[PDB]
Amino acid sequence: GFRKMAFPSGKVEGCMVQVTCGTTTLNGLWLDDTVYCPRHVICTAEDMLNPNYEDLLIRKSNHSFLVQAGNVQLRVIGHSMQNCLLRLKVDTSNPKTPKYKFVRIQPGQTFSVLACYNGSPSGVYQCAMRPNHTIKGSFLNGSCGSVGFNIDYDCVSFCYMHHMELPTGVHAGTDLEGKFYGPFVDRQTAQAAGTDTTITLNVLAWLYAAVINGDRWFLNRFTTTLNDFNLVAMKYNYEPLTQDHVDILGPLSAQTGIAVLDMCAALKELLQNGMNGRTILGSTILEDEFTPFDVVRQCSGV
């Protein structure tokens, strides 16, 4: 079976806390003696399209922030703003702080999101950073501050923090340094996701997965040139395939014995002839939220 798989969320669950100002409550990430939070937690019903966070923050003091690590309360003994996040220092170092680091991920990469509310984790699922810098998340009211992450052996690489929902229902956020992924800003102005694209690299990885899985109905005897493939990719709103992408697919190509431009050839057929009522792994859609790394991780065997 091939399922969208999220990383075990324990190491992240222990870092989720609640942060509150006025009647505004959202989630924060508690690492060591710091708690990170979308800075919009300091906005008020008035300014939502003209928030001067600079101005709004200087009018705040440490006791202006209530931080709850569950039943317990943490004391804010210092604060600062970093890009679109607030870094709150507290008099207690989270005892469950895992080994971790901050990474700014690239479009096409995937990560696990731990959807949280009032500082309480409620669900975890896998996402991909869309070429248009948004993510197809599942978030309800009270979800900002929820984080995205990957776990390699013991390091929790934090990638993302949730900040907002766009008009199409997709989500935008920042890395843990507070810089937004994409041309978005944390203010209620009316902004919109740019047009998105299908992630070519991932679909191909997926096809390799399908074959490693034992399916190969879509394969054919043809081959294509990178450039000829990109002419079709453009017609079907797929990202242009590059030599770097072909190289990344080397391991998989080897393991299955199917050359990359061959697998491409198959993909160009799929895109032209449709799936004609057939399925791959279990889908009727060309799945693009599985990276080459995700496929090796999950099909590491016969």
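Residue numbers here begin at 1 and follow the sequence given.
**Q** Given the B-factors recorded for C-alpha atoms, which segment has the greater mean, 257 to 265 or 39 to 47?
**A** Going by the record's values, the stretch with the higher mean is 39 to 47.
**Q** Quick one: higher average CA temperature factor, 66 to 74 or 235 to 243?
**A** The entry gives the higher C-alpha B-factor average to 66 to 74.
**Q** Highest recorded C-alpha temperature factor, please, choosing from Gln126, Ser93, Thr134, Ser143.
**A** Answer, based on the entry's C-alpha B-factors: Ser93.
**Q** Lowest, middle or highest third: where is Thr189 by Cα B-factor in its chain?
**A** Tercile = highest for this residue's CA B-factor.
**Q** Within this chain, which third does the Cα B-factor at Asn150 fall in: lowest, middle or highest?
**A** For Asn150, whose C-alpha B-factor we compare with every modelled residue in the chain, the answer is the lowest third.
**Q** Once the chain's modelled residues are ordered by C-alpha B factor and cut into thirds, is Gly28 in the lowest, middle or highest one?
**A** Bottom third by C-alpha B-factor.
**Q** Sorting the chain's modelled residues by C-alpha B-factor, tell me whether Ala6 ends up in the lowest, middle or highest third.
**A** It falls in the bottom third of the chain.
**Q** Ranking the modelled residues of this chain by C-alpha B-factor as given in the entry, is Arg221 in the lowest, middle or highest third?
**A** Ranked within chain, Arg221 CA B lands in the highest tercile.
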